[PDB]
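**Student:** First portion of the complex, with coordinates as positioned in the assembly:
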Amino acid sequence: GXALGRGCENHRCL
């Protein structure tokens, strides 16, 4: 994921 802010929840971040 990203832990960068609102917009990043439940993301695939390779």
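**Tutor:** Now that the structure is in, tell me what you want to look at. Numbers count the residues shown, from 1 in each chain, chains lettered A, B, ... in the order given.
**Student:** can you map out the helices along chain A?
**Tutor:** Remark: helices of chain A are absent; assignment by DSSP state H.
**Student:** Verify the stated contact: residue A:11 with residue A:4.
**Tutor:** No. Between residue A:11 and residue A:4 there is no contact under Cβ atoms under 8 Å: 9.6 Å. The C-beta positions use only the backbone N, C-alpha and C, and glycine is treated the same way.
**Student:** And for residue A:12, the neighbour number?
**Tutor:** Using other Cβ atoms under 10 Å, residue A:12 has 6 other residues around it.
**Student:** repeat for residue A:7
**Tutor:** By other Cβ under 10 Å, neighbour count at residue A:7 equals 7.
**Student:** do the same with residue A:6
**Tutor:** When counting by other Cβ under 10 Å, one arrives at 5 neighbours for residue A:6.
**Student:** wait, what's in contact with it?
**Tutor:** Counting by Cβ atoms under 8 Å, 6 or more residues apart in numbering, residue A:6 touches no other residue.
**Student:** Quick one: neighbours of residue A:8, just the number.
**Tutor:** Taking other Cβ under 10 Å as the neighbour definition, residue A:8 ends up with a count of 11.
**Student:** and what of the one 3 residues further on?
**Tutor:** The criterion is other Cβ under 10 Å. On that basis, residue A:11 has 10 neighbouring residues.
**Student:** Now it: closest residue in space that isn't a chain neighbour?
**Tutor:** Distances taken as Cβ to Cβ, 6 or more residues apart in numbering put residue A:1 closest to residue A:11, at 4.8 Å, once the chain neighbours are dropped.
**Student:** Let's add chain B too:
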Amino acid sequence: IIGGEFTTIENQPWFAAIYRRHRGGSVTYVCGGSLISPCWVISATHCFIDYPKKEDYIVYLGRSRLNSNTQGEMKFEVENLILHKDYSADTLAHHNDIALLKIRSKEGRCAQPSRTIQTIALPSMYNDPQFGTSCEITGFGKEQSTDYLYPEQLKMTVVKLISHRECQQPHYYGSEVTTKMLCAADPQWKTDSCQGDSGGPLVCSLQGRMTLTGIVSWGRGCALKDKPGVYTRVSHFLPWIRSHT
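**Tutor:** To build on what is shown above, here is chain B added in:
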């Protein structure tokens, strides 16, 4: 929610807590949502876009705590997961960040209203409150940017709606914020939505009636000076919402 107050679900009975089941049986919190009718929860597409598999998701209504049961709570599967087809994400801004989750229990039932579970009213077309109006947000999101776990108890806060003119200023968001978004923040930058609060409700008392005015969508950091929370402007998506329900 940065700052604000711990709350209980009776104060926010339209609030929906959305989780994802993982291979191996672990369940993790994904995002907030709002009950707009017994069978429908509205949230944000960014919450689901990378895992668009409806079988993965669990929705609670009547729930005040993240990892413990609440009396009166009800547990649902997602019968239909509908993401906005023109969703995109820029460096900060998220576009058409709106989603609908048709819910059903294992018995095939939709939500049953109670003291802890109620629908929130949609706004009417192009009818938003004036800038400066105080509205509320609700969620299980981070309390501090250094937190790596979500709070166990549901939170809320009160923020003020900020005009498009102010939000488009160079030190705010420039042209990255559009007229399909609403900004809202605390004048002192002390309270705000944060990661994990996405999808959840921005509720404004609009002509007597508690109304779903925004959906938590994006923002630079949390409670950062000159960086409001940005919300999906629900009053623009009514035709989208009507056709997909």
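**Student:** Take the contacts of residue A:6 again, chain B included.
**Tutor:** Listed by Cβ atoms under 8 Å, 6 or more residues apart in numbering or on different chains, the contact set of residue A:6 reads B:141, B:193-195, B:197-198, B:216-219, B:222, B:229-230.
**Student:** just those residues that are near chain A?
**Tutor:** When the contacts of residue A:6 are checked against chain A using Cβ under 8 Å from any Cβ of the partner chain, the ones in range are B:141, B:193-195, B:197-198, B:216-219, B:222, B:229-230.
**Student:** Select only the buried ones of these in PyMOL?
**Tutor:** Paste this into PyMOL to select the buried members of these, with burial taken from 16 or more other Cβ atoms under 10 Å in any protein chain shown:
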select buried, chain B and resi 141+193+194+195+197+198+216+217+218+219+222+229+230
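**Student:** Now flag whichever of the ones next to chain A among the contacts of residue A:6 is closest to residue B:178.
**Tutor:** Nearest to residue B:178 out of those is residue B:230 (Cβ to Cβ; 9.4 Å).
**Student:** how about the closest one, what does it touch?
**Tutor:** Remark: with contacts taken as Cβ under 8 Å, 6+ apart, residue B:230 is in contact with A:6, B:93-94, B:167, B:173, B:177, B:181-183, B:217-219.
**Student:** how about 6 Å then?
**Tutor:** Taking Cβ atoms under 6 Å, 6 or more residues apart in numbering or on different chains as the contact definition, residue B:230 lies against B:177, B:181, B:183, B:217-219.
**Student:** okay, now the nearest residue to residue B:57 once chain neighbours are set aside: neighbour count?
**Tutor:** The shortest distance from residue B:57 to any residue that is not its chain neighbour, by Cβ to Cβ, 6 or more residues apart in numbering or on different chains, is 4.7 Å, and that residue is residue B:78. Burial of residue B:78, expressed as a neighbour count using other Cβ atoms under 10 Å in any protein chain shown, amounts to 20.
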